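Take a look at the structure set out below.
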Amino acid sequence: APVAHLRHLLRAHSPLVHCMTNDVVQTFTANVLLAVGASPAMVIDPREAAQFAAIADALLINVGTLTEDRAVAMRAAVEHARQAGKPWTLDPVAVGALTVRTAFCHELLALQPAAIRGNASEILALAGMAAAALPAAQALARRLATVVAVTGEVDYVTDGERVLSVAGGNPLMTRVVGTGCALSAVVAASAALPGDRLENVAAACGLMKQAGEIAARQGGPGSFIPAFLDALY
Amino acid sequence: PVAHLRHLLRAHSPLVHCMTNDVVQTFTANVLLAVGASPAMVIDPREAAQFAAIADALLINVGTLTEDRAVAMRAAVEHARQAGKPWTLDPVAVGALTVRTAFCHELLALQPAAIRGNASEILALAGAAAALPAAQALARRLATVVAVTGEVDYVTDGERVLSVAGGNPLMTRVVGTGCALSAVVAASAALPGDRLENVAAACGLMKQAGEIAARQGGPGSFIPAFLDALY
Amino acid sequence: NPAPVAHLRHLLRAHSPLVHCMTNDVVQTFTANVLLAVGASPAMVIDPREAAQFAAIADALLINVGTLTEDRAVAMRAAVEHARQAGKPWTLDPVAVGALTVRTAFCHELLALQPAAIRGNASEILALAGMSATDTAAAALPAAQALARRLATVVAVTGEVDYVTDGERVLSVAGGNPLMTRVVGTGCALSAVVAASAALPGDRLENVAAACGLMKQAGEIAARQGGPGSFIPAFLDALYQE
């Protein structure tokens, strides 16, 4: 609705998601993906990654703790997923603020991500230009024929033309690490599913904010994490 | 035998050198602490060589393998062997991924005390009920204990075969429950007793914990309750 | 004495210090969540160029050598150099120094680069200063003092009781609970909060000691669950609690 509908697609198709994400959020990413019914796989050697990105239903690239070696493996994965027809998702963590990852993400955009999930500043850096980032998101989306999700208190999602917004959640989500990085992994899995991509991405945003509102009622960030996983399951 | 293994882990507090994948490291350390053991994670090739000779047991889990890590793991296994310390292999996604499979095949030459893997993994390592014949032949060939883990775990020394049932399917909806089992299997090879029986007891300890923790119903609440159940 | 602790609590939330965390593989997530729960902002940046860049920006820098590697050591050095040039305080957590060679040598290299604070257990501070050997930390108190003077640092040598010294003065903190030792990362997370604390206004020594006390009080509250599993979420909650 389409949140309940997305819940059902995830459980029914159980997408296998190649996660190349950052060291702070890996465990939580895997647990989130398992809780919604998907299957996480973390593969990071350049050769293994190339091999696996062709096999997995979808690929997540998150640059939060980028290093030289991991960039090479990530570029390889992206190239083989693209050659295999597998959708890949970019999370441009702190792009705009740190040079190496900024340059790297500009290079990766050539290779046609199915979705880009970031905050206002990240999306502006990449567009070459959440709500004040909206013209940029639309520009970026049109340029790449991709879906862009610019996230915050309200999430905005666009394909260049249509814009959906998704309100809800709770401030507590920001005092716990890896909820946005986990949203990116759910968005990435959602690209592998049938239906309208824009609408599935807005649904993934809704799913995570609904779980977060439930888990936030506990009141503390420690208790939030178990409650959040429980509420996704 | 489960309660006896529980007691022995606490009384010996085995120092376990964990060379495990990035996703399960924290959980592995916290499981080992909860059962009364002592986890240490050492990954520099030189530090790992030094430390492997000192630790009571070594775990090698190839889940997020890289070439650098591979040379550090090779060096750790070689120094453990010469120090007479038992090491355990967890061949994650062997069969699935080429580089990994080649590396694990190379490590078999170095005589692990125990191998812990799923059906597919053990089938691949050896060249399910399907995996039982293969496990028995692997165990025979290397004189190791092989544990094929699943809804029911099977453990073999190549002659006898023990089954361990119980647990809860929810354990599969939480990452690193298998990886953590391998660490407790690694610790248990440092303990006195029959190695086959100690490994089977380790499987039972983790299933018993899991049955208690899954009662809450959800995979988020499972983790604190699992750790609490082990302590 | 508990006054500074309560004050440190409000100051961390008010200043929300941005801490560049170069810490070990096993404790990343928990360090980040602890720094978030106390009202700070963690950032894990590890590429050598990026780390140089970010260390100049951050309010403080934490160096924890727990899973040291050769490549990471290069980035940690770059970071420390740029934090020093920018006048941002940096903190050293010498995990397992003495007991492992490579990182012991590396730590001694870094000691010349003038850390604001050092945080270790008895054996690590002993080995770090170069002094042979219910209250494990007391015995390294002589080693702390000497290191604090030689480098004009603050040294926190932690245990069931924590001792914090600038070489002349010594403050002691107690409480907590031994269950804290049956959970991984509580040490390394304390170092992060110490790193945050060095960036706040006021007396540096007293702020480090206050950090040790904040964590001891949270742990006491979290521990009366009995179990190490329930401890973690209760610990974070307690730190968040106003």
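Tabulated values for the structure
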{"quantity": "Ranking of C:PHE30, A:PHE228 by count of other Cβ atoms within 10 Å, fewest first", "calculated": "C:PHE30, A:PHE228"}
{"quantity": "Fewest-first sequence of C:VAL95, B:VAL152, C:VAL194 by Cβ atoms within 10 Å of each Cβ", "calculated": "B:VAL152, C:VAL95, C:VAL194"}
{"quantity": "Around C:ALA56: net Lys/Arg minus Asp/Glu count, Cβ-Cβ under 13 Å", "calculated": "0"}
{"quantity": "Charge context of B:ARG140, other residues only, Cβ under 9 angstrom, K/R +1, D/E -1", "calculated": "-1"}
{"quantity": "Proportion of all alpha-carbon pairs of the protein assembly as shown beyond 39 Å (%)", "calculated": "31 percent"}
{"quantity": "Of all DSSP beta bridges in chain B, antiparallel share, percent nearest 5", "calculated": "30 percent"}
{"quantity": "Total formal charge among the other residues, if their Cβ is under 10 angstrom from that of B:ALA189, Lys/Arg +1 and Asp/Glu -1", "calculated": "+1"}
{"quantity": "Burial ordering of C:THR91, A:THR158, C:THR181, fewest other beta-carbon atoms within 10 Å first", "calculated": "C:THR181, A:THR158, C:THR91"}
{"quantity": "For the protein assembly as shown, share of DSSP beta bridges that run antiparallel, in % to the nearest 5", "calculated": "30 percent"}
{"quantity": "Cβ-derived FRET efficiency at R0 51 Å, A:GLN83 paired with C:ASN177, nearest 0.05", "calculated": "0.40"}
{"quantity": "Overall form of segment A:2-151 per C-alpha gyration tensor (a/c, 1.5; a/b vs b/c)", "calculated": "oblate"}
{"quantity": "Given charges at beta-carbon only (K, R positive; D, E negative), |dipole| of the protein assembly as shown in Debye", "calculated": "300 debye"}
{"quantity": "Cβ neighbours within 10 Å from other chains - mean over C:20-31", "calculated": "5"}
{"quantity": "Value of [θ]222 nm, deg cm²/dmol, for chain C, DSSP H segments ≥ 4, -39500 (n - 2.57) each, nearest 500", "calculated": "-16000 deg cm²/dmol"}
{"quantity": "Two-site label geometry, B:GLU151 and B:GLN111: point separation in nm, points 7 Å out along Cα→Cβ", "calculated": "3.9 nm"}
{"quantity": "Relative contact order (%) - criterion: Cα under 8 Å, at least six apart; region: segment C:79-131", "calculated": "42 percent"}
{"quantity": "Selection from A:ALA114, A:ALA56, A:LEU10, by position along the positive dipole direction of chain A (Cβ)", "calculated": "A:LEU10"}
{"quantity": "Cross-link reach list, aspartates and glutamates versus A:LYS209, counting only Cα pairs under 19 Å and skipping chain neighbours closer than eight places", "calculated": "A:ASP91, A:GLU153, A:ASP155, A:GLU199, A:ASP230"}
{"quantity": "Relative contact order [Cα under 8 Å, 6+ residues apart], segment B:1-109, whole percent", "calculated": "26 percent"}
{"quantity": "Highest-first arrangement of C:68-81, C:202-215, where packing means the average Cβ count within 10 Å", "calculated": "C:202-215, C:68-81"}
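Please note: Cβ atoms are built from the backbone with ideal geometry, for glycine as well, and neighbour counts cover all protein chains shown. FYI, it's all coordinate maths here, none of it is from the lab.
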